[PDB]
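One chain comes next, on its own, written out as structure tokens in the form deposited in one PDB entry.
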């Protein structure tokens, strides 16, 4: 008898979105153990390996243990999804902790990189490669100041094909090793990516940058970088020597993770116990992160509007089919089956796969619109409220990211800032400039939140 994910775990809430799918906070129905479950949709994510080799990898991943690697507990598969059940970490993404700090030094950078290299070293010893190591794969175990870094997604890229969509690709290009682009790669690609992260920790700027994804990739492929920014004079020679060794082009000549742990810089800056703060780096990192998160948020918002266009008409068609008399009236149980159908096929809400969760969601919608749950209900009104709820939630989510980005509380994003944001979002320059011209009818060279939102709607066919 095949084990079923929903027989064991109940979803608590959505934690967020990472490579290959959504991540839900779930709870064991017997033991109360909380876990983070990555839900991978088989429709949206292609497997690179056969069923056999995935199961073997899962079996190995479950037996591995290292304080800087996410612990994997369980693996399930049904007709539409894979469910990877791992340990929940509450400290958030590393870069989001770093920007909140008042000070940041080479000591703090070295302690971070030692952890990352320690985890990588351990995984490489077990023949597992990450390939997609980047700052958002570095979580802090908890919100404690001394919290360990946990690397997420080790081994997934070997089995699952990366998305080609920009909403899924934000940030990837800065960190990818050149050899990954060309097709022949091995565990050394993780050292390159860690070298890129280190470069960013110490200067707050990517070593390989550009105005759009392809220009970033062209720089990565050339493999050349400099330490000629003003940030770099504050920085020890040994740190730059380690970075050089990690950003060595030919992988056979590149330093291994284990040898990087013995490097002078790691040895000097992580030992027992006066190092100056890297203030310009923190400032740069603040700006870098803010830009990445707004571009991410903008893409997410556009995707949510498109998903709504899709799901709003489908849900209406599902209920119309169920409505035998054509009176427009369905009961709660029918609303639940109709909503269930919608969720199974679309797979845009991993939290709505369990039937109990859909029952709960319908009751939340019904409770919102003052409809009695025990009688017959006008479905067209339920559809409106259920979709309007989602639409409101999406807009609120974009706004929070707009406010986050607007660090001086100006209420505006300048035209220069839009260029950077849309460049990161890989929205064509002539296209957004054109949309900006339709919205900014007075050449102010800046947009407030509503205007930014209007641009995004125009940039997804509205």
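In this text, the rigid core denotes the largest set of C-alpha atoms whose superposition between the two forms falls within 1.5 Å. Positions refer to the first chain, counted from 1.
Modelled in this chain, residue 347 is nonetheless absent from a third or more of the other compared entries whose models extend past it on both sides. For the cut-off of one third of the other compared entries, residue 377 qualifies: that many or more give it no coordinates while modelling its flanks. Going from residue 226 to residue 227, the model skips none of the deposited residues; the chain is continuous there. When the mean C-alpha temperature factors of 399-407 and 43-51 are read from the deposited coordinates, 43-51 comes out higher. Look at the C-alpha B-factors of 257-265 and of 387-395. On average they run higher in 387-395. You'll see in the entry that, of 137, 193, 121, 100, the Cα B factor peaks at 100. Each of 217, 295, 112, 357 has a CA temperature factor in the record; the biggest one is found at 357. Residue 436: CA B factor lies in the highest third for its chain, per the PDB record. Among all modelled residues in this chain, the alpha-carbon of residue 230 has a temperature factor (C-alpha) in the highest third.
Among all modelled residues in its chain, residue 22 ranks in the middle third by Cα B-factor. Ranked by Cα temperature factor within the chain, residue 428 sits in the highest third according to the deposited record. The PDB entry assigns residue 308 a C-alpha temperature factor belonging to the middle third of its chain's modelled residues.
The protein also exists as the form deposited in another entry; that form is not presented, and the subsequent description refers to it.
Comparing C-alpha positions between this form and the one not shown after a rigid core fit, one residue in 179, 77, 349, 108 moves 2 angstroms or more. It is 349. Once both forms are fitted on their rigid core, the CA atom of residue 226 lies less than 2 Å apart between this form and the one not shown. Annotation: Cα of residue 388 displaced by at least 2 Å between this form and the one not shown, core superposition. Residue 397 is among the residues whose C-alpha shifts by 2 Å or more between this form and the one not shown once the rigid core is aligned. By 3 Å or more, the C-alpha separation between residue 135 and residue 347 grows in the other entry relative to the form shown here. A shift of at least 3 angstroms pushes the Cα atoms of residue 348 and residue 92 further from each other in the other entry than in the displayed structure.
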